[PDB]
Each structure stands twice: as structure tokens, then as C-alpha cells.
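Take a look at the structure below.
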Amino acid sequence: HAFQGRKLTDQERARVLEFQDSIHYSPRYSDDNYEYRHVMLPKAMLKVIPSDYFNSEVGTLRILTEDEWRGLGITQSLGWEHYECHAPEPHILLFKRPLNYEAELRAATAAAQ
Amino acid sequence: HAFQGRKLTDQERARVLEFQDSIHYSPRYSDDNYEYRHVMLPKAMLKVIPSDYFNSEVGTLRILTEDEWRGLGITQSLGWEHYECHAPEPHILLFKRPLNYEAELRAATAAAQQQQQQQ
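From first to last, the protein sequence lines stand for chains A and B.
Start counting the first sequence at 10; every next residue gets the next number (this note's numbering).
Start counting the second sequence at 45; every next residue gets the next number (this note's numbering).
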């Protein structure tokens, strides 16, 4: 294949594979275009995953090529694609305010002047 | 591995494969425990499929091992199993009757006017 991505070093490989037998696969589900599922890794394993496999801005894993995620010891049939995030059904809208939403309004509260 | 079933001769193989580009696959669908789909063969191809691949009492193909149906040129991903038919909902009950069921009743009725000698 010629590994598309950043192949893991023999050491990296050997330390991640320790968790292989504990990786968990959810049942598949589907929509109008796709078939879906998620793989849950044992947290411990996160600690041993190279840092270039991470999204420094979020703390989650960056997108992984198939060779890469297969490299981690995650194993599944053909044609599965890794994606970063999954939007809910169109009738359901997600929200959030920063725990200190007040400080910020209070900030722009005296600001007014 | 090797081969489960009645592998096709080089002649048969060559014969059937002529239709491979015309074999059609339906979209998959699923219920609780299974995923489903069907493959539709070009009728022409039916004529060239060996006859031991058939169910003489029905005219449909007998069950096919994976190697066997792969042999026919039908190609799909892993884990697919070939089954003969789809039973209907459990509250629906199917029945059939020979078109000549009377032939036999005429026989029995007759046969009961024969050994109806019990005198």
C-alpha cells in the first residue's frame, strides 16, 4: 500500500497494540446514504497514541487515513471511513453557553459606556 | 482455502462468466438480526448454469456455497450467505393445491366404492 499517513514506529506500534483486545465496536446503524458505527478505545490507550495523531486545538484525534487507524489495531471490514463528527437529525438543534456567560455579559455590561 | 461444492469446469466457468457484467445487485436492507439483498441474473445466464446447480423439483437454484456462487461470477463483500426464500410475517400462512387435486379424490372416492365390498 505504501502507508498513506504517518506510519507508527516499531515502538509506537508495539505499545498501542497492547490495547487491541480491548477496543470495542458498536453495532452499525444507517441513514439514507450511510452506514454508521463507532469504535470506543480504552482511555489508557489514548495515552500511548502518538501526539501527531491528535488535533492540538481539541484534544481529539485528527482525521485518520485507513492505514493509520488500522495501524492503531482498530480492525473492521472494508470501506469504512473515519470522520470527525456526526450531526443530529434536522429537527434537533444543539446549543451551549460558556459557563461564565455572565462574566462576559457583565464585561460588555459596563462596556456600554 | 480450496473449494466447497461442485467447482465448475473450465468450460462451464468460461460459459457463465460471459454474463458477469450483467449481473445486478439490489441495495441492502435490514431487519433486526440480518442485512439483506438480492442478486438478479440475466435469464440468458440461467440457461448456461450447470444443471446440478438446480433444484429439479422447483426450477430454481439449489443452495449455493460461497465458493459456488462466487464461481458464477457473482461478486460481493464478505459474510454474505445465499438462502432459498423469504418466509412471510408469522401471521400469514401460505397454502397451495395441485391443479389436479380432484384426480386423486376421484381415485380415493373410487377406491372406496371398490373395497366397499365389506358385505
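C-beta atoms are modelled at their ideal positions from N, C-alpha and C, and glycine is treated no differently.
(message) Along the segment 64-92 of chain A, where does the CB come closer than 7 Å to a CB of chain B? Name the residues.
(response) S86, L87
(request) Can you give me the start and stop residues for the alpha helix (DSSP H) that B/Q157 sits inside? (result) 145-158
(message) Going by beta-carbon coordinates alone, are B/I67 and B/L52 separated by less than 7 Å?
(response) no
(request) Could you give the DSSP three-state label for A/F104: helix, strand or coil? (result) coil
(message) Taking the alpha helix (DSSP H) that B/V92 belongs to, which residues open and close that run?
(response) 87-92
(request) Compare the C-alpha of A/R24 against each of A/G82, A/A120, A/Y34, A/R15 and name the closest. (result) Distance check between A/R24 and each of A/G82, A/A120, A/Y34, A/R15 places A/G82 closest, using alpha-carbon atoms only.
(request) Would you tell me roughly how many angstroms separate the C-alpha atoms of B/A151 and B/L137, rounded to the nearest one? (result) C-alpha separation (whole angstroms): 29 Å.
(message) What does the alpha-carbon distance come out to for the pair B/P132 and B/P142?
(response) 21 Å
(request) Give the straight-line distance between the Cα atoms of A/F104 and A/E113, rounded to the nearest whole angstrom. (result) 17 Å
(request) Measure the alpha-carbon distance for A/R46 versus A/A120 and round it to whole angstroms. (result) 48 Å
(message) Quick check on B/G115: buried or exposed, where buried means 16 or more other Cβ atoms within 10 Å of its Cβ?
(response) The residue in question, B/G115, is buried, as its Cβ has 16 or more Cβ neighbours within 10 Å.
(message) Using CA atoms only, rank isn't needed, just tell me which of A/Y34, A/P59, A/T69 is closest to A/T84.
(response) A/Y34
(request) Can you tell me which of the three DSSP states A/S65 falls into? (result) coil
(request) Buried or exposed for A/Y43, please, with buried defined as at least 16 other CB atoms from any protein chain shown within 10 angstroms of its CB. (result) exposed
(request) Let me know if B/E112 comes out buried or exposed under the rule of 16 or more other beta-carbons within 10 Å of its beta-carbon. (result) buried
(message) Judging by CA-CA distance, which residue of B/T104, B/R57, B/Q162, B/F63 is the nearest neighbour of B/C129?
(response) B/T104
(message) I'd like the list of long-range same chain contacts for A/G14, defined as Cβ closer than 6 Å, with 5 residues on each side in sequence excluded.
(response) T74, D76, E77
(message) Let me confirm a value: A/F12 is counted as buried when at least 16 other C-beta atoms fall within 10 Å, else exposed. Which label applies?
(response) exposed
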